[PDB]
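Only one chain comes next, encoded as structure tokens, the form deposited in one PDB entry.
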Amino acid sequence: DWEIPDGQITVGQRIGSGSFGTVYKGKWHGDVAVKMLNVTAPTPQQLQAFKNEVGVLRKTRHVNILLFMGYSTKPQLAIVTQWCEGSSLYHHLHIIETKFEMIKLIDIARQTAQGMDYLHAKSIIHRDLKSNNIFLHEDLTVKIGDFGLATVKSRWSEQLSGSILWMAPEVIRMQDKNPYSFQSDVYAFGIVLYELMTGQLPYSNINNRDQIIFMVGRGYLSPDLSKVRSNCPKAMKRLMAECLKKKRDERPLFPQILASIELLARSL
């Protein structure tokens, strides 16, 4: 089992906090990351979202997926994962503005498609794929996770969460019927491809969030693919357009995406 014996995990510096949890850099067989899902006695919702997140993570054993290490219920509900030196893709592209070579951008894309293909084969829909959830371990290896603390685990689009730029037209329309599919994860991956190849977030010239929501959902607005840097291969721009298709069934799945990136990478 993955239940860590009591009084083994130690917690150090607070790395983040939100409505749905607090993350610390901790110690348990070396450096680890610890997520405290509750503070006071947990609600039945918190216990269930904990059981569901642990259920998802315990099924993952892949180099491009954040390493789940274990869990604790005493004294608080905790999830222990590996600790990674580095920064997320978001930090690199939009905060410190790292100028990666085209070969590295294609490799980050390949490693993300690699981890995504794995999750989909295990019937795990990410539901929140974006550059912030793509960690660059030692600024070289992609480690996909869900580092967000604004959202809860399980169920599917209540809403209320700013990951709108990576939302497929069918997800951004905020309908009662569950809009989440493998294809909505592919659209989010297409947005990540846009960020890699442009170095920008889409719709940067629109200052109104409700207008972005309305227009993407209605198909009036889509990413400007002419913004992709000159050295972006024609196959990559073609793949990006395929992933961003408004009709979800027209979107390629990750075994196809992965084969397209692997062929692209060999032909540089």
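Here, rigid core means the biggest group of C-alpha atoms that superpose within 1.5 Å across both forms. Counting begins at 1, following the sequence as shown.
Absent from the display: the form deposited with a partner chain bound. The rest refers to it.
- Contact between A150 and its partner chain in the bound PDB entry is not found at the 4.5 Å heavy atom cutoff.
- Mapping the unseen interface onto this chain, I172 counts among the residues with a heavy atom inside 4.5 Å of its partner chain in the bound PDB entry.
- Interface residue remark: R229 is not counted as part of the site for its partner chain in the bound PDB entry, having no heavy atom within 4.5 Å.
- Though the partner is left out of this view, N208 does reach within 4.5 Å of its partner chain in the bound PDB entry, counting heavy atoms only.
- Exactly one listed residue, out of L105, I125, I79, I164, brings a non-hydrogen atom to within 4.5 Å of its partner chain in the bound PDB entry: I164.
- Shift analysis on the rigid core between this form and the one not shown singles out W83 from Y90, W83, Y118, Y180 (C-alpha displacement of 2 Å or more).
- If you fit the rigid core between this form and the one not shown, you'll see the Cα of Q200 move by less than 2 angstroms.
- When two forms of a protein are overlaid on their rigid core, residues whose CA moves 2 Å or more are considered shifted, and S222 is not one of them between this form and the one not shown.
- After superposition on the rigid core, the Cα atom of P233 is displaced by less than 2 Å between this form and the one not shown.
- Note: the CA-CA distance for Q211 and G148 expands in the bound PDB entry relative to this form, by 3 angstroms or more.
- Note on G148 and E97: their C-alpha atoms are more widely spaced in the bound PDB entry, a change of at least 3 Å from this conformation.
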